[PDB]
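All remarks here apply to the structure that follows.
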Amino acid sequence: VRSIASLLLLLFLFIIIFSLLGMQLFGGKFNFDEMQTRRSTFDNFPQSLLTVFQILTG
Amino acid sequence: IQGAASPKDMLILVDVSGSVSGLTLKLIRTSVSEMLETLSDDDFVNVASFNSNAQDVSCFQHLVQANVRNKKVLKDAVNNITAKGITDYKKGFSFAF
Amino acid sequence: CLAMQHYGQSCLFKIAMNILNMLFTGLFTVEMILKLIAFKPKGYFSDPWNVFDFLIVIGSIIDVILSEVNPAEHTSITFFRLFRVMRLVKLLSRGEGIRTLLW
Amino acid sequence: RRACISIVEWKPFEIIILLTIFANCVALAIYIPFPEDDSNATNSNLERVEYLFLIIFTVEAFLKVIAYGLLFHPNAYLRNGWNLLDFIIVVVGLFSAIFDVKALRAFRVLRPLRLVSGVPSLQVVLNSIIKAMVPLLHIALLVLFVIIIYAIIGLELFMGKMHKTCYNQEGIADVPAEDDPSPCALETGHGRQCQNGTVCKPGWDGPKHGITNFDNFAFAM
Ligand SMILES: CCCCCCCCCCCCCCCC
Ligand SMILES: CCCCCCCCCCCCCCCC
Ligand SMILES: CCCCCCCCCCCCCCCC
Ligand SMILES: CCCCCCCCCCCCCCCC
Ligand SMILES: *[C@@H]1O[C@H](CO)[C@@H](O)[C@H](O)[C@H]1NC(C)=O
């Protein structure tokens with residue numbers, strides 16, 4: 001466990017970084033005239049995490 | 001409408017701020033149009049908009065009787081609008097009142 | 001040169017690419033002829049890689065010869081064109097770690 | 001005099017510095033990126049909090065450069081810290097002065113990467129992870145070459161053949177007839193054909209937004 005928590009903490013930190021970067025890049029720029037089916041968006045941090053997680057699993 | 005309500009003096013404070021850019025702006029414009037569709041000829045209207053400054057989308061600057069014609073100007077102005085700036089309810093409402 | 005071409009290409013650009021195509025197939029034919037003079041066909045076919053080179057160059061020249069006619073105008077079979085790119089695989093052989101891993 | 005600053009590092013303020021890094025990491029999830037220049041109240045106080053973080057980080061950089069010297073400090077994992085301070089200074093100055101000035105705000109998302117460095121208990125696991133990366137480089141080059149070969153082959157074969165889609169034959173309005181534009185090819189070219197009441201003619205109906213076709217070489221890759 002004490003060794004497991006390190007790896008998972010590192011991965012959690014990486015996801016936070018690549019979500020906080022997406023916020024500053026695509027933050028609220030997913031507003032298109034088309035119907036807003038863009039559920040997997042970068043708007044707010046709690047959902048940037050879900051989008052980054054979705055990308056990771058691909 | 002002539003029966004369900006007395007005349008009105010509307011003042012639509014369309015919120016053209018950055019937070020509405022996209023689909024929501026289209027909904028706002030369509031809704032404003034479908035609302036001006038519900039004004040008779042004996043009840044006035046105007047369309048302000050606030051983005052830290054309460055401009056007027058039209059050339060009127062006061063209430064304009066919502067004829068069949070002034071409605072056209074207001075609808076065209078609404079259609080030709082774009083989001084920007086920072087939302088500021090206090091200024092917009094002060095201008096409206 | 002292969003990767004350069006793109007949609008909406010200019011006729012002059014197409015001509016230049018055809019020129020470079022002929023030039024490169026000529027250089028590789030020089031490769032082949034120099035190798036043959038270096039040692040005879042029996043030794044030339046010793047390793048498949050040179051045998052692999054055999055079909056590419058002939059196919060490329062077949063492509064160029066086929067290009068002499070003009071089915072299209074700068075105003076059909078399209079199989080032998082891929083040998084030029086497939087010749088890139090030779091570059092993968094230079095690396096030894098990758099060679100051993102794949103083998 | 002330099003010793004007085006240096007002996008401060010003996011006093012464990014690195015704990016408060018890492019708590020400050022964590023505070024800044026928190027102070028970035030709350031920052032909502034409104035679409036077009038909009039900003040609620042919180043976004044208007046996070047600039048002040050960012051100024052505070054700037055000051056504390058630059059004070060720490062000054063202390064750890066004066067106590068450890070100009071030449072030696074870059075020769076360490078601290079390479080990023082000074083880099084972050086430089087870009088954050090430039091960003092704040094340019095933003096106050098006023099263009100790419102705003103977009104440059106993204107360089108602060110590296111500060112969480114300072115957290116892992118601060119806790120050397122994790123640098124070991126980072127080194128473990130990157131250590132296993134080196135063997136893959138052979139697979140990296142193999143996949144790169146496969147990508148290049150197949151992209152070039154795609155350029156040779158599907159050379160922008162996905163730009164013709166089925167259009168309405170009435171002709172009043174010229175919009176992709178099918179709600180899902182599916183590249184069709186007119187007869188004399190093997191492929192599908194329009195339904196009984198539409199015609200497949202050139203244009204750029206193409207694939208989704210014209211982002212996945214084989215036109216260029218970058219598009220192929
Ligand atoms: C109008 C003729 C266009 C040029 C075609 C000639 C073939 C050579 C390309 C031009 C020179 C650039 C350098 C070629 C590589 C040495
Ligand atoms: C339009 C003429 C008929 C089709 C011509 C292409 C046939 C071969 C396609 C596949 C070739 C690439 C093989 C994969 C790479 C080694
Ligand atoms: C005689 C020594 C052979 C050394 C290994 C060469 C491997 C070549 C094939 C690699 C797998 C296919 C990749 C490209 C497919 C289009
Ligand atoms: C490590 C514990 C503290 C983490 C939070 C520090 C920053 C909080 C200040 C900003 C909070 C919003 C206040 C804006 C005024 C309504
Ligand atoms: C829209 O309004 C703006 C106001 O700046 C004006 O410049 C422009 O000509 C108008 N365009 C249309 C489509 O009416």
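As shown in the structure tokens, the chain order sets the letters A, B, ...; within each chain, residues go from 1, and ligands are also counted from 1 in the order they appear.
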Problem - Test item: residues at most 12 Å from residue B:64, only C-alpha atoms, excluding those fewer than 2 positions along its chain, as a PyMOL selection string - result: chain B and resi 8-11+39-47+58-62+66-74
For those residues, write C-alpha atoms to a file as a CSV table (one decimal), in the first residue's frame.
chain,number,residue,atom,x,y,z
B,8,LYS,CA,-47.1,46.7,-21.0
B,9,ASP,CA,-43.9,48.8,-21.0
B,10,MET,CA,-41.3,46.1,-21.5
B,11,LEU,CA,-37.6,46.5,-21.3
B,39,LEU,CA,-46.5,42.5,-28.2
B,40,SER,CA,-49.6,44.4,-29.5
B,41,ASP,CA,-49.5,47.9,-31.0
B,42,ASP,CA,-50.5,49.7,-27.8
B,43,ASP,CA,-47.7,48.6,-25.5
B,44,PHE,CA,-44.2,49.8,-25.7
B,45,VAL,CA,-40.8,48.0,-25.7
B,46,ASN,CA,-37.1,48.4,-26.0
B,47,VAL,CA,-34.0,46.1,-26.0
B,58,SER,CA,-31.3,49.6,-31.6
B,59,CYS,CA,-31.3,53.3,-32.6
B,60,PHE,CA,-34.2,54.2,-30.3
B,61,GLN,CA,-32.9,54.9,-26.7
B,62,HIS,CA,-36.5,54.9,-25.3
B,66,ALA,CA,-43.7,48.0,-30.9
B,67,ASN,CA,-45.4,48.7,-34.2
B,68,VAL,CA,-45.2,46.2,-37.0
B,69,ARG,CA,-42.1,48.3,-38.1
B,70,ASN,CA,-40.2,49.0,-34.9
B,71,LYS,CA,-40.4,45.3,-34.1
B,72,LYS,CA,-38.5,44.8,-37.3
B,73,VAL,CA,-35.7,47.1,-36.2
B,74,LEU,CA,-35.5,45.5,-32.8
Exercise for the section: Using DSSP on the backbone coordinates, identify all residues within chain C classified as helix (DSSP H, G or I); present the result as an MDAnalysis selection string. Expected result: chainID C and resid 2:4 11:38 41:44 48:66 82:86 89:94 96:102
Write to file, as an mmCIF file, in the first residue's frame, the residues of the selection just made, with C-alpha atoms.
data_model
loop_
_atom_site.group_PDB
_atom_site.id
_atom_site.type_symbol
_atom_site.label_atom_id
_atom_site.label_comp_id
_atom_site.auth_asym_id
_atom_site.auth_seq_id
_atom_site.Cartn_x
_atom_site.Cartn_y
_atom_site.Cartn_z
ATOM 1 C CA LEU C 2 6.845 11.405 -51.710
ATOM 2 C CA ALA C 3 5.289 13.093 -48.684
ATOM 3 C CA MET C 4 5.357 16.516 -50.346
ATOM 4 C CA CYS C 11 0.614 21.375 -62.465
ATOM 5 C CA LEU C 12 4.127 22.813 -62.247
ATOM 6 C CA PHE C 13 4.478 21.130 -58.858
ATOM 7 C CA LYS C 14 3.340 17.812 -60.329
ATOM 8 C CA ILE C 15 5.883 18.187 -63.131
ATOM 9 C CA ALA C 16 8.654 18.917 -60.632
ATOM 10 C CA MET C 17 7.705 15.849 -58.606
ATOM 11 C CA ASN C 18 7.760 13.724 -61.752
ATOM 12 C CA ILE C 19 11.250 15.060 -62.502
ATOM 13 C CA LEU C 20 12.443 14.214 -58.994
ATOM 14 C CA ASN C 21 10.796 10.792 -59.261
ATOM 15 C CA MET C 22 12.710 10.013 -62.444
ATOM 16 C CA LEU C 23 15.915 11.341 -60.878
ATOM 17 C CA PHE C 24 15.602 9.175 -57.775
ATOM 18 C CA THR C 25 14.683 6.027 -59.684
ATOM 19 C CA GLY C 26 17.717 6.734 -61.858
ATOM 20 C CA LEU C 27 19.983 6.986 -58.825
ATOM 21 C CA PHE C 28 18.612 3.706 -57.486
ATOM 22 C CA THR C 29 19.131 2.055 -60.874
ATOM 23 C CA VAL C 30 22.735 3.258 -60.608
ATOM 24 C CA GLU C 31 22.780 1.604 -57.184
ATOM 25 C CA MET C 32 21.640 -1.647 -58.779
ATOM 26 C CA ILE C 33 24.050 -1.538 -61.707
ATOM 27 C CA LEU C 34 27.036 -0.704 -59.514
ATOM 28 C CA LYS C 35 26.155 -3.580 -57.186
ATOM 29 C CA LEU C 36 25.844 -5.968 -60.132
ATOM 30 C CA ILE C 37 29.233 -4.894 -61.479
ATOM 31 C CA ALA C 38 30.639 -5.303 -57.966
ATOM 32 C CA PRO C 41 23.747 -11.963 -60.096
ATOM 33 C CA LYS C 42 24.424 -15.216 -58.232
ATOM 34 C CA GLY C 43 26.052 -13.209 -55.454
ATOM 35 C CA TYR C 44 23.638 -10.315 -55.917
ATOM 36 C CA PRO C 48 16.889 -10.971 -49.869
ATOM 37 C CA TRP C 49 17.393 -7.261 -49.198
ATOM 38 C CA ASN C 50 19.048 -6.738 -52.566
ATOM 39 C CA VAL C 51 16.403 -9.042 -54.036
ATOM 40 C CA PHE C 52 13.892 -6.788 -52.301
ATOM 41 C CA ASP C 53 15.592 -3.853 -54.014
ATOM 42 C CA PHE C 54 15.258 -5.747 -57.304
ATOM 43 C CA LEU C 55 11.472 -5.559 -57.483
ATOM 44 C CA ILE C 56 11.251 -1.956 -56.247
ATOM 45 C CA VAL C 57 13.467 -0.454 -58.948
ATOM 46 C CA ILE C 58 11.855 -2.458 -61.747
ATOM 47 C CA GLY C 59 8.426 -1.472 -60.460
ATOM 48 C CA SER C 60 9.507 2.160 -60.246
ATOM 49 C CA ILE C 61 10.765 2.099 -63.835
ATOM 50 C CA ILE C 62 7.555 0.311 -64.804
ATOM 51 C CA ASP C 63 5.767 3.222 -63.139
ATOM 52 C CA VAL C 64 7.850 5.765 -65.055
ATOM 53 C CA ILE C 65 7.401 3.902 -68.343
ATOM 54 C CA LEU C 66 3.668 3.702 -67.673
ATOM 55 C CA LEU C 82 3.809 2.080 -53.402
ATOM 56 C CA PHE C 83 7.169 0.394 -54.018
ATOM 57 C CA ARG C 84 8.901 3.770 -53.813
ATOM 58 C CA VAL C 85 7.707 4.299 -50.248
ATOM 59 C CA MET C 86 8.195 0.653 -49.310
ATOM 60 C CA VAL C 89 11.979 0.020 -44.989
ATOM 61 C CA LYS C 90 15.641 -0.416 -45.904
ATOM 62 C CA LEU C 91 16.321 2.526 -43.598
ATOM 63 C CA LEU C 92 14.913 0.472 -40.721
ATOM 64 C CA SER C 93 17.666 -2.113 -41.232
ATOM 65 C CA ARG C 94 20.504 0.280 -40.371
ATOM 66 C CA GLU C 96 20.687 -2.906 -35.136
ATOM 67 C CA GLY C 97 18.637 -2.985 -31.936
ATOM 68 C CA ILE C 98 15.403 -2.615 -33.880
ATOM 69 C CA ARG C 99 16.632 -5.160 -36.418
ATOM 70 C CA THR C 100 17.277 -7.799 -33.765
ATOM 71 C CA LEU C 101 14.058 -7.018 -31.882
ATOM 72 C CA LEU C 102 11.831 -7.344 -34.933
#
Sort by chain and increasing residue number a table of all residues of chain D within 12 Å of chain C, each with its closest pair of atoms and their distance in Å to one decimal, counting only C-alpha atoms, and write it as a Markdown table.
| residue | atom | partner | partner_atom | distance |
| --- | --- | --- | --- | --- |
| D:135 | CA | C:97 | CA | 10.2 |
| D:136 | CA | C:98 | CA | 10.6 |
| D:137 | CA | C:98 | CA | 9.6 |
| D:138 | CA | C:98 | CA | 5.9 |
| D:139 | CA | C:98 | CA | 7.8 |
| D:140 | CA | C:98 | CA | 10.2 |
| D:141 | CA | C:98 | CA | 8.5 |
| D:142 | CA | C:98 | CA | 7.5 |
| D:143 | CA | C:98 | CA | 11.1 |
| D:144 | CA | C:92 | CA | 10.9 |
| D:145 | CA | C:92 | CA | 8.0 |
| D:146 | CA | C:89 | CA | 9.2 |
| D:148 | CA | C:3 | CA | 8.8 |
| D:149 | CA | C:85 | CA | 6.6 |
| D:150 | CA | C:85 | CA | 9.1 |
| D:151 | CA | C:3 | CA | 8.3 |
| D:152 | CA | C:3 | CA | 5.9 |
| D:153 | CA | C:82 | CA | 6.3 |
| D:154 | CA | C:82 | CA | 9.6 |
| D:155 | CA | C:3 | CA | 7.5 |
| D:156 | CA | C:81 | CA | 7.3 |
| D:157 | CA | C:78 | CA | 7.7 |
| D:158 | CA | C:7 | CA | 10.3 |
| D:159 | CA | C:7 | CA | 6.7 |
| D:160 | CA | C:7 | CA | 5.8 |
| D:161 | CA | C:7 | CA | 9.2 |
| D:162 | CA | C:7 | CA | 10.9 |
| D:163 | CA | C:7 | CA | 10.3 |
| D:188 | CA | C:76 | CA | 11.9 |
| D:189 | CA | C:76 | CA | 11.3 |
| D:213 | CA | C:7 | CA | 10.4 |
| D:214 | CA | C:7 | CA | 8.5 |
| D:215 | CA | C:7 | CA | 5.1 |
| D:216 | CA | C:6 | CA | 4.7 |
| D:217 | CA | C:3 | CA | 6.0 |
| D:218 | CA | C:3 | CA | 9.2 |
| D:219 | CA | C:6 | CA | 9.8 |
| D:220 | CA | C:3 | CA | 9.7 |
| D:221 | CA | C:3 | CA | 10.3 |
Problem - Gap from atom CA of residue D:19 to atom CA of residue D:62 - Å, one decimal - result: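 Those two atoms sit 18.8 Å apart.
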Practice task
Tell me the residues of chain D close to chain B, meaning within 10 Å using only C-alpha atoms, as a PyMOL selection string.
Solution key: chain D and resi 33-40
Practice task
Using only C-alpha atoms, find the residues of chain D whose closest atom to chain A is at most 8 Å away, then write them as a list in words.
Solution key: residues 28, 29, 30, 32, 33, 34, 35, 36, 103, 105, 106, 109, 110, 112, 113, 116, 122, 125 and 126 of chain D
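The residue that comes closest to ligand 3, out of C:68, C:74, C:10, C:47 and on the basis of only C-alpha atoms and all ligand atoms, is C:47.
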Handout entry: Nearby polymer residues, ligand 5, at most 10 Å, only C-alpha atoms and all ligand atoms, as a list in words
Key =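 Answer in the requested format: residues 57, 58, 76, 77, 78, 79, 80, 81 and 82 of chain B.
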Exercise for the section: Write as a PyMOL selection string the residues around ligand 4, taking 6 Å as the cut-off and counting only C-alpha atoms and all ligand atoms. Expected result: chain D and resi 23+26-27+42+45
